[PDB]
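**Student:** Show me the folded form of this:
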Amino acid sequence: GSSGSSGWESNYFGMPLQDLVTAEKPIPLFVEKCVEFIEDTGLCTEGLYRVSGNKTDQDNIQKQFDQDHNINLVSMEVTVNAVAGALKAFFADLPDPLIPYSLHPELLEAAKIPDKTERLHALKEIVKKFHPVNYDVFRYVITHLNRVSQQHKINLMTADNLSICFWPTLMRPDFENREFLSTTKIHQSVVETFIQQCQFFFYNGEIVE
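**Tutor:** Numbering: from 1, shown residues only. This is the structure:
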C-alpha cells in the first residue's frame, strides 16, 4: 500500500503489471473488462476513441473496479467514451510504458524500413523481445484497435487515427537533454502498422493497406 502513480491509495492499482497479472492470466482484468466491454457493446460506435469521455465515469470505472473486481459495466450504464478513456489512462498510471526503452530505437529502425514486408518481419523480430509481462497485454491491445479500424467507416476511426491517440502514451520519450534535431515522426507509424497488420503479426493474417 504505497502511494505513487495513483493519487489515492489503492490495494491493486498503482502496483506494477508483473504484480497485477498472474501466471494463470497474463492479461490484466481491467483491460479485459474495459476492452471486452467496448467490443461487447458494439465496436462500430462513432468517435469511440476520440471523444474526451466524461471523466466523471472514468473516475468510478477504476475506483469501483478496485474496491470490487466483480463489477458489471453493462449494468453501470457507462459509455464507451468513458470505458475507453479509463483504459488508455490505466497504461499511463503504470510505472513504465507498455513499450520498453530497450526496444524504442529497435522499433524505429524496423519501422523506417522501405520494404513494407521487411518493415513488418523486422518488427516481429523485436515484438518478441518485449517483456514477457507487457508483451501479453500489448498483443491483446493491438488486436482490439485493429478490430475498430475494420468499421472505420462507421465508428469513424482508422488504425492511424487510433495509433495516433495511443502513441502519446504507449510510447513516452524521456530525454530532457540539451539536444535538438532528433525528433522522429515514426512513433506514430510504428503503432499504426502493428494495428493494420495486427493479424500478420499474430494471427498471421494478410498485410493490409
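**Student:** does the spatially most central residue of the chain count as helix, strand or coil?
**Tutor:** Geometric centre of the chain, nearest residue: residue 141, 5.1 Å, by CA atoms, centre = their mean. On the three-state scheme (DSSP: H, G, I helix; E, B strand; the rest coil), residue 141 is labelled helix.
**Student:** Count the neighbours of the closest residue to it other than its chain neighbours for me.
**Tutor:** In this structure, residue 141 finds its nearest non-sequential neighbour in residue 31, 7.1 Å apart by CB to CB, 6 or more residues apart in numbering. Using the backbone N, CA and C atoms, a C-beta is placed for each residue, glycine as well. The number of residues packed near residue 31 is 18, by other CB atoms under 10 Å.
**Student:** in the host helix or strand of residue 31, what's buried?
**Tutor:** Using DSSP states H and E, residue 31 sits in helix 29-40. Neighbour-count burial for helix 29-40, counted by 16 or more other CB atoms under 10 Å, picks out 29, 30, 31, 33, 34, 35, 37, 38, 39.
**Student:** Please apply the same query to stretch 123-134.
**Tutor:** Neighbour-count burial for stretch 123-134 [16+ other CB under 10 Å]: 123, 126, 127, 130, 131, 133, 134.
**Student:** how close does the residue located most distally from the centre of the chain sit to residue 49?
**Tutor:** Within the chain, residue 178 marks the point farthest from the mean C-alpha position, 30.1 Å out by CA atoms, centre = their mean. Relative to residue 49, residue 178 is positioned 35 Å away (criterion: CB to CB, to the nearest Å).
**Student:** What of residue 99?
**Tutor:** Taking CB to CB, one finds residue 99 at 18 Å from residue 49.
**Student:** Pull the number of nearby residues for residue 200.
**Tutor:** Neighbours around residue 200, by other CB under 10 Å: 17.
**Student:** so what's it closest to, chain neighbours aside?
**Tutor:** Excluding the flanking residues, the one nearest residue 200 by CB to CB, 6+ apart is residue 207, at 5.4 Å.
**Student:** And for residue 11?
**Tutor:** Nearest non-adjacent residue to residue 11 (CB to CB, 6+ apart): residue 1, at 6.4 Å.
**Student:** Please apply the same query to residue 160.
**Tutor:** Nearest to residue 160 is residue 192, by CB to CB, 6+ apart, at 5.1 Å.
**Student:** same deal with residue 57?
**Tutor:** Residue 57 sits nearest to residue 82 (CB to CB, 6+ apart), 3.6 Å away.
**Student:** thinking that neighbour is in contact with residue 58, fair?
**Tutor:** Yes - contact criterion CB atoms under 8 Å: residue 82 and residue 58 qualify, at 5.1 Å.
**Student:** who touches stretch 103-119?
**Tutor:** If you take CB atoms under 8 Å, 6 or more residues apart in numbering as the criterion, stretch 103-119 is touched by 99, 122-123, 125-126, 129-130, 171, 173, 184, 186-187, 189-190, 193, 207.
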